[PDB]
Amino acid sequence: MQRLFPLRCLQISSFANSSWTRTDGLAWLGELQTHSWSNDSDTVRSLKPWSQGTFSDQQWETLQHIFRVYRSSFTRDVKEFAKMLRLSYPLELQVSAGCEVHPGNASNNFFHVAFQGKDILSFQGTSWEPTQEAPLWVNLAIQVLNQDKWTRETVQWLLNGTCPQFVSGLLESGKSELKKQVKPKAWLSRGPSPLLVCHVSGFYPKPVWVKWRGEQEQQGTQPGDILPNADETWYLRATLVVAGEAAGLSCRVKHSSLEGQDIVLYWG
Amino acid sequence: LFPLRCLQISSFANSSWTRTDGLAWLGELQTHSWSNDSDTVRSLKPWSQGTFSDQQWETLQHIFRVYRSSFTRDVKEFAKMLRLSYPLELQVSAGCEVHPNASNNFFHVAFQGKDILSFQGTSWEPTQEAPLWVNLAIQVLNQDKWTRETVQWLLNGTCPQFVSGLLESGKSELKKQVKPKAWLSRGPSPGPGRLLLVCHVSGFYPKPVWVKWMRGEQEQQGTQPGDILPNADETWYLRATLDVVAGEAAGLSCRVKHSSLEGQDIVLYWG
Amino acid sequence: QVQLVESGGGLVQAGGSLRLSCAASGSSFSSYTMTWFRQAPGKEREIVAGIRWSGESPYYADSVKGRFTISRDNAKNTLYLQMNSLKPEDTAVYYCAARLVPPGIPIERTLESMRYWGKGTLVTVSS
Amino acid sequence: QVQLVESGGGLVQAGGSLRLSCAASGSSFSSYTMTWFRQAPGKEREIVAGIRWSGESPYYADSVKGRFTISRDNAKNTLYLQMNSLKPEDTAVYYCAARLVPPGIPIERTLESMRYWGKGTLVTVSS
Amino acid sequence: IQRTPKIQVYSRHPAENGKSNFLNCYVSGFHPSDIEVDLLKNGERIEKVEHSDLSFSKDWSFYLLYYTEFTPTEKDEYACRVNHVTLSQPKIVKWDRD
Amino acid sequence: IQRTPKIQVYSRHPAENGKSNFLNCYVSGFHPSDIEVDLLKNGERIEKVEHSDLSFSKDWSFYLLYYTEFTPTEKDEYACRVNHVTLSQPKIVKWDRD
Ligand SMILES: CCCCCCCC/C=C\CCCCCCCCCCCCCC(=O)N[C@@H](COP(=O)([O-])OCC[N+](C)(C)C)[C@H](O)/C=C/CCCCCCCCCCCCC
Ligand SMILES: CCCCCCCC/C=C\CCCCCCCCCCCCCC(=O)N[C@@H](COP(=O)([O-])OCC[N+](C)(C)C)[C@H](O)/C=C/CCCCCCCCCCCCC
Ligand SMILES: *[C@@H]1O[C@H](CO)[C@@H](O)[C@H](O)[C@H]1NC(C)=O
Ligand SMILES: *[C@@H]1O[C@H](CO)[C@@H](O)[C@H](O)[C@H]1NC(C)=O
Ligand SMILES: *[C@@H]1O[C@H](CO)[C@@H](O)[C@H](O)[C@H]1NC(C)=O
Ligand SMILES: *[C@@H]1O[C@H](CO)[C@@H](O)[C@H](O)[C@H]1NC(C)=O
């Protein structure tokens, strides 16, 4: 009986040309955004009262300096790579890095880099590895990156040491919000005849089950995407049809917050 | 003039078969031979070491021994890095020439028979019309400051000193003069009633020579000179032909000018 | 990022005391793991002490426990080594070293990861 | 290609003598240009002496002429530094270094081109 | 390669005329990140509009949530206008009630 | 790229029946380097045949000198047989005395 809340650190670096660049970042713990990192800011910004976890102020300031130096150095290194490898602007680079702490204290991590929306390389163990079937210039990038023994040591420290300890503190500091349960409210509506539509909004966390008569569920239900609300809740629309059969159909909603008391809405 | 030309022929049939062979030319004489089946560069002349001491020569032997194995290893890594398919053929032409004063050197690399890059100054530079992947190779090669320093030392320092020592140790053979011997022959008729006068010149050293069919002081501008071909004893051979009406084939002579003759040209008259 | 300059070395008698100092030039000195190394005559360079963030127990080599104390003044960008009960085997060139180490790493696993070094100061223990 | 290990460092009184040795592991030790460097406390590393092939005059820094002698035993793959009339300003960590230099290059032009280094040994001249 | 944005408009609560509510515009699945999103009331841009931080999914495509406080009436029509390099002209998705 | 070999046959000294001589076959200007050269006497391969070290010119094309000691007679015919990827059939170049 346990759920996983991985820490995903996302970086969005855009290079319009050699003189216009910006880097923005975010941190997700499970489905909750815990940090925000704007290009016009000197520091990573905490979005939750518990976003610092159990790190001390000095420990957190150390990470601030590491990320501050990393952002400027990453920007400079990309511009040199584009000149070194003769890659034409614009350049779009994304980083997805983090770790997860499994119940029982096991840990594992990841560090994936994308170029123009495609994986090109990742950090595996102590070195950088190219993505399978990657462009030829990535081999030169890997060749240059693995010569940097200080960066390789720092990345390994962050993934294998800093991140698991950070997550462990966050799981305890934000335990109330991470395990919170918010009950959804539902309502029915009409749609263009090909169509019964069942709305479900306001639930937290994200996992939900919605399907359309008594004990028989019409397997032709069309579930939509789980869409976000501004208050960190979620919204889902489910649609369904022969005109005569619609009489007597019902929408059933299963969610963890309901404690077994399913929401049942009958049409009419 | 006697430039030093060091030639390398490296063949890679696949990832598990390769051989590197080399030779050195001083002017027109081959002074060294470098076989893949040998641990050392082999001297072809008693004076092939120049004025280098035994310790100086052993230093060069170790440098070339390490270079051959490292070159082979680096090429196979480049083929994997750049996704180049076997077989691979690489040629290197390096050396220098001392002028009696200014000096100049060169280090050209060819891939599949085409120039790809060369050593200019202190770094490697790609050929203007080289494939796109060569830039990635150039970028890797220029990271190696030790090799760049060693290549500059060899071209700008070792090579000019080696040439000077060779010119001193091999002065007798390099300044040798060998007189050519000539003889006349008949050839396939150029046409109806026409004759092909053939003049052979063989055994001369060094290579520069002058051969023309002449009538007295008038040089038959229709003389057909062939290629200067090598003999096994490091001399040369040259054939000169002339198409001519059979009647005109009278009073015609083959004249040979060579440095070894000291102005006493060889004149062979037809008939 | 960090430049280190040791000072305070000199001649001291056995059983005496001496204080070494290390002035660091850089941006975020308080974030750096700071260490002292020493190389005795005829011996290999070895770690002496290490310090990081407030509240953490500093590292000490067994040969200097109870005699040497490492400390730092982050307001002055200065690292200190207070050497008490000096022995003749403490004669060495003492080096200041630094490395930016993120949280979650034990200090004893970073002693071989120093990046920036000072040029050293000589301490001689007579008698 | 070549691994270097210095030995012989230790404590010596002013005016005394001490010989350093450097054991080299490699293929053609006699082909390598061998040098001695030293780094004094608070000072940058600097060249002391250099030697190459038999018959060539070794290089000596002006500060060590007439006092230090560099030599090599190619049969034993060993480099030596004989240090006589030692002064307190000779206190430094002495490093063994090597570089494969082809013929035709003056030794003075290769002193900044050393490639392989030993970890060094400390010599301290007291009094 | 480039990916065109998916645009979905929805309200936080069920639409009740005279009751305050939030209008959401969720733009997802686009690449590259540069994008212009505006919320429209009767074709004119709404001033007080907030957006979440730009993020991206596992497949590296970006997504963004825009939202604004509003009180719907019977005649007011709301729409979300999105511009992107993959669009030859601004794509306008109207908010359909019910 | 491929270059077909140029093949030239000649003797060291003028041909005199009963006097020892050397027969040369000079193969030049070819690419790639793999090549087969044989000297034939009355259609049979000559056993003691030597060749210089493989070399190449400024334009990177290869050249080779093959030679053998021989004593010609009035009826003996000598030829040089060369095979190369650029040749559909082995090229036989006969030694012309005149
Ligand atoms: C790990 C997370 C811990 C907890 C985080 C809590 C806060 C979360 C909030 C926001 C997160 C935002 C996203 C963060 C992403 C991960 C950050 C990792 C930081 C690692 C820092 C290492 C040290 C450092 O910052 N290193 C930098 C400085 O090193 P240096 O100064 O020693 O030397 C620089 C010069 N040199 C030539 C490189 C030697 C270094 O320059 C970075 C390199 C970038 C490494 C990744 C590159 C990947 C490939 C790029 C593309 C190449 C091809 C381009 C073609 C056009
Ligand atoms: C010429 C000097 C005068 C004396 C001559 C005496 C007569 C000799 C007789 C005949 C010789 C005939 C051949 C001679 C050729 C020239 C020899 C030069 C030797 C230079 C030695 C340098 C030091 C060394 O030996 N260099 C080697 C060892 O260095 P290393 O051990 O430090 O390892 C380097 C590894 N690293 C990852 C690269 C850093 C080095 O590995 C080769 C470098 C290659 C240099 C040429 C490259 C040209 C292009 C290659 C192909 C690219 C594309 C590939 C596509 C698949
Ligand atoms: C670089 O891009 C920015 C933003 O796209 C633009 O404002 C600027 O003019 C560009 N600079 C050049 C030199 O093209
Ligand atoms: C992002 O920040 C860097 C560093 O402050 C700056 O140079 C760059 O112009 C910024 N990008 C913008 C303003 O788009
Ligand atoms: C590689 O080349 C060698 C030499 O031509 C040959 O014997 C071998 O069959 C080739 N293939 C492999 C897989 O070794
Ligand atoms: C050439 O020499 C190398 C090194 O000794 C060897 O590995 C290779 O097999 C040789 N090539 C042959 C025998 O064809």
Side-chain angles (χ1 to χ4, degrees), chain A residues 14-22 89-90 143 147, chain B residues 4-26 30-34 40-44 48-50 52 57 60-96 105 107-112 116-119 124 126 130-131 133-134 136-138 140-155 157-163 166, chain D residues 1 100 102-104 115, chain E residues 34, chain F residues 34:
Chain A
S14 189
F15 299 80
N17 43 59
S18 52
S19 69
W20 184 290
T21 175
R22 68 177 300 113
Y89 292 89
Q143 203 263 358
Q147 298 178 26
Chain B
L4 178 71
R5 290 175 184 101
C6 300
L7 308 184
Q8 172 187 341
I9 304 173
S10 293
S11 188
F12 299 80
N14 43 58
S15 52
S16 69
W17 194 100
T18 175
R19 67 176 299 113
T20 289
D21 299 288
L23 55 170
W25 299 90
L26 182 66
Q30 189 184 345
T31 56
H32 302 80
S33 189
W34 196 20
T40 60
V41 179
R42 183 168 81 87
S43 291
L44 303 182
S48 290
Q49 200 169 299
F52 283 154
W57 188 243
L60 288 176
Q61 292 281 15
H62 185 249
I63 288 177
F64 281 78
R65 197 150 43 245
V66 173
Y67 163 74
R68 181 172 57 180
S69 61
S70 304
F71 177 92
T72 298
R73 170 203 67 202
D74 290 358
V75 167
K76 298 196 289 189
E77 264 298 326
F78 271 135
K80 168 156 52 185
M81 174 190 151
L82 307 163
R83 296 163 178 163
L84 301 174
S85 302
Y86 292 94
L88 312 170
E89 163 64 20
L90 284 141
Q91 292 162 276
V92 178
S93 177
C96 69
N105 54 71
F107 194 116
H108 296 109
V109 179
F111 176 69
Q112 316 286 49
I116 47 155
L117 60 90
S118 75
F119 194 86
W124 304 96
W133 60 264
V134 175
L136 303 180
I138 291 294
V140 173
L141 288 174
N142 282 334
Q143 297 176 24
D144 188 354
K145 69 172 185 289
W146 307 112
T147 296
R148 289 170 60 182
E149 179 172 56
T150 291
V151 172
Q152 201 279 336
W153 278 340
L154 291 167
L155 295 175
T158 308
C159 180
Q161 176 72 236
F162 193 29
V163 173
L166 289 173
Chain D
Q1 296 299 76
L100 196 48
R115 179 176 185 178
Chain E
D34 194 12
Chain F
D34 285 353

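Chain letters run A, B, ... following the sequence lines, proteins first, then strands; residues in each count from 1. The basis for the numbers below is simple: all heavy atoms, side chains too, and nothing from hydrogens, waters or symmetry mates. When a ligand or atom number is given, it counts from 1 through the structure's own listing order.
- When each atom of ligand 2 is checked for a heavy atom of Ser70(B) under 4.0 Å away, the hits are 27 (C), 28 (C), 40 (C), 41 (O).
- Taking atom 48 (C) of ligand 2 as the reference point, the nearest protein heavy-atom neighbour is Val109(B) CG2, 3.7 Å.
- Counting only heavy atoms of the protein, atom 51 (C) of ligand 2 lies nearest to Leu90(B) CD2, 4.1 Å.
- Under the 4.0 angstrom criterion, atom 37 (C) of ligand 2 counts as lacking any protein heavy-atom contact.
- Between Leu166(B) and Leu4(B), the shortest heavy-atom distance links the atoms CD1-CD1, 4.5 Å.
- Side chain of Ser118(B) to main chain of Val109(B): no donor-acceptor pair is present (N/O by atom type, distance under 3.5 Å, no hydrogens or angles).
- Here the side chain of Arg5(B) pairs no donor or acceptor atom with the backbone of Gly95(B) at under 3.5 angstrom.
- Looking at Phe71(B), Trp146(B), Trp34(B), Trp25(B), it is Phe71(B) that brings a heavy atom closest to atom 50 (C) of ligand 2.
- A distance-only check finds no donor-acceptor pair linking the side chain of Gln91(B) to the backbone of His108(B) [under 3.5 Å].
- At a 3.5 angstrom cut-off on N or O pairs, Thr158(B) does not count as close to ligand 2.
- Ranking the protein heavy atoms by distance from atom 26 (N) of ligand 2 puts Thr147(B) OG1, 3.4 Å first.
- Counted within 6.0 Å of CH2 on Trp17(B), heavy atoms from surrounding residues, nucleotides or ligands total more than 12; the atom is thus considered enclosed.
- In this model, a donor atom of one side chain and an acceptor atom of the other lie less than 3.5 Å apart for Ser10(B) and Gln8(B).
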- Walk me through it: do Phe64(B) and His32(B) pass the test ring pair (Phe, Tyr, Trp, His ring centres under 6.0 Å)? CA-CA 13 Å; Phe64(B) 281 78; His32(B) 302 80; 9.2 Å; no

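- The two residues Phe52(B) and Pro103(D) have their closest heavy-atom pair at CE2-CB, 3.6 Å.
- Of all the heavy atoms in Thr158(B) and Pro102(D), the pair that sits closest is OG1-CB, 3.2 Å.
- When the heavy-atom distances from atom 13 (C) of ligand 2 to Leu117(B), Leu7(B), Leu4(B) are ranked, the shortest goes to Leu7(B).
- Close approach of ligand 2 to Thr150(B) is summarised as follows: ligand atoms under 4.0 Å from at least one heavy atom of the residue are 22 (C), 23 (C).
- Of all the heavy atoms in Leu44(B) and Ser33(B), the pair that sits closest is CD2-CB, 3.8 Å.
- Regarding atom 4 (C) of ligand 2, its nearest protein heavy-atom neighbour is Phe162(B) CD2, 4.0 Å.
- Contacts of ligand 5 (protein heavy-atom distance under 4.0 Å) are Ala13(B), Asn14(B), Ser16(B), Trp17(B).
- Summarising the geometry of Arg65(B) relative to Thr40(B), their closest heavy-atom pair is NH1-CG2, 3.5 Å, with the distance given to 0.1 Å.
- Scanning the protein for heavy atoms near atom 16 (C) of ligand 2, the closest one is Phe107(B) CE1, 3.9 Å.
- Residue contacts with ligand 2: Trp124(B) is included, with a non-hydrogen atom under 4.0 Å away.
- Judged by distance alone, with hydrogens and angles left aside, the side-chain atoms of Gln61(B) form no donor-acceptor pair with the main-chain N or O of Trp57(B) at under 3.5 Å.
- Scanning the protein heavy atoms around atom 34 (C) of ligand 2, the nearest turns out to be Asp144(B) OD2, 3.4 Å.
- Protein heavy atom nearest atom 42 (C) of ligand 2, with residue, atom name and distance: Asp74(B) OD2, 3.7 Å.
- Not counting sequence neighbours, the partners of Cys96(B) by the disulfide (SG to SG under 2.5 Å) test are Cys159(B).
- Considering each of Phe52(B), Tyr67(B), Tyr86(B), the one bringing a non-hydrogen atom nearest atom 44 (C) of ligand 2 is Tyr67(B).
- The minimum heavy-atom distance between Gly50(B) and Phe162(B), with the atom names listed, is N-CE1, 4.2 Å.
- Here is the list of ligand 2 atoms found below 4.0 Å of a heavy atom in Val41(B): 9 (C).
- Using the six-membered ring where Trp is involved, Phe12(B) and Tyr86(B) have ring planes that are tilted, between 30° and 60° apart.
- Taking the six-membered ring for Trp and thresholds of 30 and 60 degrees, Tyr67(B) and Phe71(B) have ring planes inclined between 30 and 60 degrees apart.
- Counting atoms of ligand 2 from 1 in the listed order, those under 4.0 Å from a heavy atom of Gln8(B) are 13 (C), 15 (C).
- Within the structure, the closest approach of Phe64(B) to ligand 2 falls below 4.0 Å when heavy atoms are considered.
- The proximity of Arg115(D) to ligand 2, defined as any non-hydrogen pair under 4.0 Å, is limited to the side chain.
- Under 4.0 Å from ligand 2, the heavy atoms of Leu84(B) that appear belong solely to its side chain.
- Heavy atoms of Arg73(B) found under 4.0 angstrom from ligand 2 belong exclusively to the side chain.
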